[PDB]
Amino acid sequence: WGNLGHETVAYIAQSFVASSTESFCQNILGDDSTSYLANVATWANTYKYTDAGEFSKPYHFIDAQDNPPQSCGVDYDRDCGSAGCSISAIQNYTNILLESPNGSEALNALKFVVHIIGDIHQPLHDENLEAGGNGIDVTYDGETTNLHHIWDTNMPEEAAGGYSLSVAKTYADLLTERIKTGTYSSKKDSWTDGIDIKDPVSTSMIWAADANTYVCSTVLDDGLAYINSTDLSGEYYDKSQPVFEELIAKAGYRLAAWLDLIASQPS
């Protein structure tokens, strides 16, 4: 996701974590504002463009070698690669937070988890084709961009009605209400099925597989000729919106569940 998506995911998580989980995170982050998760939700992106953080670029995605839009699937051994991926990074950073929650590595590990649980839920972060759709040129409301970018940024910003942190907070609260009492309330019990703090690979693979199904159903089902030749702010947007909204909601809810687990380990 772009900044709006990541900040939305983070504000949703802040709405669902336990009070002790909140304190646990605020201490690690050295940020006790009411935007504590949202303030750091883009850090991993910032960091990957620095000298020290270049190595972490591959941690934002898993390049699933599947066959969309006819068939989708993610396979950890097949797809992660020797440079690491979203799934191997969730393992590494979760385990840092379990083994050394007070240590010097906990700050970055937490910021990585917050960002990467978000990124896993963006379907094109679970797809090899043309570098997660970066290589696919599109027109969006008259602007030339690419397919990955519209999923990350153009479409969520359009749906949220902006890009600022305060817009993110309002979008988060909309989606949060959908979870508590609205259209997602009968789905959310299934959203933490299979979650296991002792098996970050399996757990994050559930989420990656889930987002990946949308590559076939939604992202690419019109086919590449349609996508090359049509302005995607029309019908493509209209059918994309409910999918990215639900996936952002899931990302937030799952991030909160995972943070609760990490924060509750005895010591």
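Just count from 1 along the sequence shown to find any residue number.
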Query raised in the report: Averaged over C-alpha atoms, is the B-factor higher for 239 to 247 or for 5 to 13 in this PDB entry?
Result: 239 to 247
Query raised in the report: Would 193 to 201 or 178 to 186 have the larger average of its C-alpha temperature factors, as given in the entry?
Result: 178 to 186
Requested in this report: Go through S104, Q122, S88, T139 one by one and give the residue whose Cα B-factor in the PDB entry is largest.
Outcome: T139
Query raised in the report: In the PDB entry, which of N95, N108, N134, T145 has its C-alpha at the highest B-factor?
Result: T145
Query raised in the report: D63's Cα B-factor: lowest, middle or highest third of the chain?
Result: lowest
Report task. Give the position of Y76 by CA B-factor within its chain, expressed as the lowest, middle or highest third. Result -> middle
Requested in this report: Using the B-factor values recorded in the entry, state whether the Cα atom of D152 falls in the lowest, middle or highest third among the modelled residues of its chain.
Outcome: middle
Report task. Within this chain's modelled residues, let me know which third the CA B factor of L232 belongs to: lowest, middle or highest. Result -> highest
Query raised in the report: By the record's CA B-factor, is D126 among the lowest, middle or highest third of residues in the chain?
Result: lowest
